[PDB]
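1. Enclosed are the sequence and the experimentally obtained structure.
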Amino acid sequence: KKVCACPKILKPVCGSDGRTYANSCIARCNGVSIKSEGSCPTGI
């Protein structure tokens, strides 16, 4: 039953597939990368 507790702050990135997404965290949650895995809000 887990959920992606991503930030509210807008981050409209260019993606990796060539597509626009709401925030970078949302793309990672959905199943797409941005080559930015070294700097993300994910911190369990």
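-> Yes, it's here. Residues are numbered from 1 along each chain as shown.

2. Put the alpha carbons of the helix or strand hosting residue 28 into CSV.
-> Using DSSP states H and E, residue 28 maps to helix 24-30. Extracted in CSV, the C-alpha atoms of helix 24-30 (Å, rounded to 0.1, in the frame of the first residue of the first chain):
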residue,chain,number,x,y,z
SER,A,24,11.4,14.9,-11.3
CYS,A,25,10.3,12.7,-8.3
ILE,A,26,7.0,11.9,-10.0
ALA,A,27,8.9,10.6,-13.1
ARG,A,28,11.1,8.3,-10.8
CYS,A,29,7.9,7.1,-9.1
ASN,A,30,6.1,6.4,-12.4
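
3. Residues touching that helix, excluding its own?
-> 4, 6-7, 11, 13, 15, 21, 33-34, 36, 40-42 (CB atoms under 8 Å, 6 or more residues apart in numbering). C-beta here means a position set from N, CA and C on the backbone, and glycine is covered the same way.

4. For those residues, give me a markdown table that also has secondary structure.
-> Converted to a markdown table, the contacts of helix 24-30 look like this (DSSP: H, G, I helix; E, B strand; the rest coil):
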| residue | secondary structure |
| --- | --- |
| 4 | coil |
| 6 | coil |
| 7 | coil |
| 11 | coil |
| 13 | coil |
| 15 | coil |
| 21 | coil |
| 33 | coil |
| 34 | coil |
| 36 | coil |
| 40 | coil |
| 41 | coil |
| 42 | coil |
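
5. could you dump those to CSV with neighbour count and distance to residue 27?
-> Shown next, in CSV, are the contacts of helix 24-30 (neighbours: other CB atoms under 10 Å; distance: CB to CB, whole Å):
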residue, neighbour count, distance to residue 27
4, 11, 10
6, 18, 10
7, 11, 13
11, 15, 9
13, 16, 7
15, 14, 6
21, 19, 5
33, 12, 7
34, 17, 6
36, 12, 10
40, 12, 10
41, 14, 12
42, 11, 12
